[PDB]
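Quick note: the sequence shown uses the authors' numbering, first residue 49, plus one each step. No residue lacks a Cβ here, since even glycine has one placed at the ideal position from N, Cα and C.
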Amino acid sequence: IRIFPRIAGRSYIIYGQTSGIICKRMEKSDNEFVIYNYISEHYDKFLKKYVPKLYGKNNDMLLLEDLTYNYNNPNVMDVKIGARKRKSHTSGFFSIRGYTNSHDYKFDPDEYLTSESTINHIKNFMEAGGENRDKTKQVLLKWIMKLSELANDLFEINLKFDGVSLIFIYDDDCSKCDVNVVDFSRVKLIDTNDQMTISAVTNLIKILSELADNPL
Ligand SMILES: O=P(O)(O)O[C@H]1[C@H](OP(=O)(O)O)[C@@H](OP(=O)(O)O)[C@H](OP(=O)(O)O)[C@@H](OP(=O)(O)O)[C@@H]1OP(=O)(O)O
Ligand SMILES: Nc1ncnc2c1ncn2[C@@H]1O[C@H](COP(=O)(O)OP(=O)(O)O)[C@@H](O)[C@H]1O
Ligand SMILES: [Mg+2]
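Right, here's the structure in full:
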């Protein structure tokens, strides 16, 4: 069994026996599966735009689209935009849980950060994208484009996105990038929209916009 190079979480995640699939164990309940099916039926468009494809269930394993598959040299960042179980966010509106090569920059998932340190970590994650300034900006701008639509669409969705993350990805050559929403294990039905989760996305859009705009 080939272990999947996670960037965060404690979940058992392996490569599928097949190309472009990862197998994630549902450790505690089947809630993740219940939530994908509910979103599939009530917010189909949201699932297609923002969420890795669920190809199937196998006992307690979900077969999920590998978001890294189409990438020569993927850089991954996990940012928790949903509410934490009991702790407050390490960056106010959201918590960076890890990124490719975070070890090299002495990143610590338990450390509460200033705005300066939050921004510095996101710049650290962007460093593997090289010094072509007008190409790493294109990556930031494609992220802003999809996070913008996601925030907009979140106003119309009556779920509490407890625990969910954004997986940011970009290839070393900056030819390709994306961001998707993952990990529905703790998501709940509610009667309003999730303003906490919306503020996380808007705060990220703000930070990425300041990076896409500064001239340094
Ligand atoms: O051991 P795990 O089974 O992976 O449990 C993990 C929880 O997710 P579930 O798997 O749904 O329980 C996760 O909450 P969620 O991600 O649902 O929001 C916690 O984050 P928080 O309490 O919300 O901040 C993680 O702890 P910290 O992030 O360090 O607190 C915890 O992992 P760890 O305890 O091993 O680090
Ligand atoms: N569909 C996916 N494709 C690629 N990597 C993924 C995918 N889903 C999760 N990951 C990776 O696995 C890690 C943990 O995923 P997540 O669903 O948040 O698990 P947990 O429930 O343990 O928090 C992420 O930080 C990311 O590196
Ligand atoms: Mg998670």
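query, result
"Is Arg50 helix, strand or coil when you go by DSSP?", "coil"
"For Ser213, which residues does DSSP report across the bridge?", "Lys128 and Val230"
"CA-CA distance, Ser139 and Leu256?", "14 Å"
"Once the 5 residues before and after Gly130 are set aside, which same chain residues still bring their CB inside 6 Å of it?", "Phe209, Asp210, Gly211, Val212 and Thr245"
"Hey, is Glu75 close to ligand 1, as in C-beta under 7 Å from one of its heavy atoms?", "yes"
"Spell out a yes or no on whether the region 112-130 and the region 167-178 are touching, meaning 3 or more CB-CB pairs, one atom from each, closer than 8 Å.", "yes"
"Helix or strand or just coil, what does DSSP make of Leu110?", "strand"
"Using only alpha-carbon positions, find the residue among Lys72, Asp221, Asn262 and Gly146 that is nearest to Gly104.", "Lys72"
"Report, in whole angstroms, the separation of the C-beta atoms of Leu111 and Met74, which I expect to be a contact under 8 Å.", "Not really, about 12 Å apart at Cβ, beyond 8 Å."
"Determine which residues share a DSSP beta bridge with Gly177 and list them.", "Partner(s): none; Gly177 has no beta bridge."
"Which residue marks the beginning of the alpha helix (DSSP H) containing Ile87, and which one marks its end?", "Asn79 to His90"
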